[PDB]
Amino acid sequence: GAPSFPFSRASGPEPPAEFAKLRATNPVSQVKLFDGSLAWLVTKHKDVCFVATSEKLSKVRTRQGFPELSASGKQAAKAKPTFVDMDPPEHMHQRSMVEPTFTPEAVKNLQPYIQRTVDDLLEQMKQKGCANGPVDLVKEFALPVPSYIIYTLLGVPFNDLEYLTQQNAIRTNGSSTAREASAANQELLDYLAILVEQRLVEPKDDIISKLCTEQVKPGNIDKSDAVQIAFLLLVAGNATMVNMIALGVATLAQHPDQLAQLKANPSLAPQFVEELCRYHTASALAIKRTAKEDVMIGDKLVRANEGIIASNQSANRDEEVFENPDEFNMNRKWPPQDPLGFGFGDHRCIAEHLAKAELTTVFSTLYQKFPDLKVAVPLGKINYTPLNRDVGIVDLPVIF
């Protein structure tokens, strides 16, 4: 029978072993989801791009055969959708309401603020020190950098950042009870609703205010929609950002020649970030569709109302695109084809430029501030996310 999916990672920092075998012998195959239903799994870079762009495929989760991967996903699919789950024309109708903050030009103009945020958190880490033992690079740095930035862009005032960063972390922490995670989720929604009310009365220079002035007041969306769009922008990428920062530090510890390169030349940070986003595809479960009509993919017929999962993680290890794909090599010569860490097509991560700027700022600054930063536990004992989840690191003891 069809194997259960998601697959488990082969070890803490490695992709599932199944993908390499599937790319070689069965690149479009059926898998069994948590509820016993079947879905198609696509593993080659070319086919992942096809799935991401075909207008014969839908992200609408109320369609028959949509590949929800858990009971919580089936429950979430009942809610009113935001643009992440929309097809044209609704998708860009709503996404364009918030895209301006995320353009290359806007993200370039944000660079001094990104740098200040990273610098301030590094200085707080220095002042706290590690004189009594290792400290957790996740809690002290990888968590607040993306959290403070997206909260600030949305419109949260500075004094509220630390508490709301902690609450949003509780939401997804693997140690939280269900009650604890649900209470933190509702606290974030309650806070955002009050912020939307405030910005309807007195808008400021932030994303929520722009939604209020330009879409809520004119009746293009309502205020509960504005809350949900803001919430999507917070929760869609934050855990992935935290994991990418921590994975970057661990990857450099595992590759000491490349770390020494980066310590000696911070202008290598962009190249490092490109290879990191290919090699550790920390969001690998989001390119999902159902077929609106029959569609042929490779040697398979995907029938109408059948589900599809396109693994951008597998695509990023596709030997036919990336030479020596399972080596981390920030000095590689890149091919014509895009790495797919941020997806592809109309739904490609709205925050791709922001995320790369955050990551480039982190890795061009971290080892200037802390040239002796070391992972404090043996690398084989790093606390990775559980193997049946997206790759990530829960906590990362360091000294400096």
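Between two forms, the rigid core is the largest collection of C-alphas that superpose within 1.5 Å. From 1 onward, residues are counted along the sequence shown.
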Legend entry - Farther-lying stretch by C-alpha RMS in 6 other deposited structures of this protein, rigid core as reference, of 179-187 and 201-209: 179-187
Inset, instruction - Figure out for me whether 170-178 or 252-260 is the more displaced stretch in 6 other deposited structures of this protein, taking RMS C-alpha distance from the shown form once the rigid core is superposed. - result: 170-178
Legend entry - Of 170-178 and 70-78, the stretch whose C-alpha atoms average the higher B-factor in the entry: 70-78
Inset, instruction - Decide which of the stretches 126-134 and 233-241 has the higher mean C-alpha B-factor, going by the entry. - result: 126-134
Legend entry - Of the residues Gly219, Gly248, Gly155, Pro270, the one carrying the largest Cα B-factor as recorded: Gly219
Legend entry - Identity of residue with top Cα B-factor, from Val362, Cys349, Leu38, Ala355: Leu38
Legend entry - Modelled-residue ranking by C-alpha temperature factor, third containing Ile208: lowest
Legend entry - Chain-relative CA temperature factor third for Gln261: middle
Inset, instruction - Grab the CA temperature factor for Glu275 from the record and place it in the lowest, middle or highest third of its chain. - result: lowest
Legend entry - Ranked C-alpha temperature factor of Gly307 among modelled chain residues, by third: middle
Legend entry - Record-listed C-alpha B factor of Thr101: chain third: highest
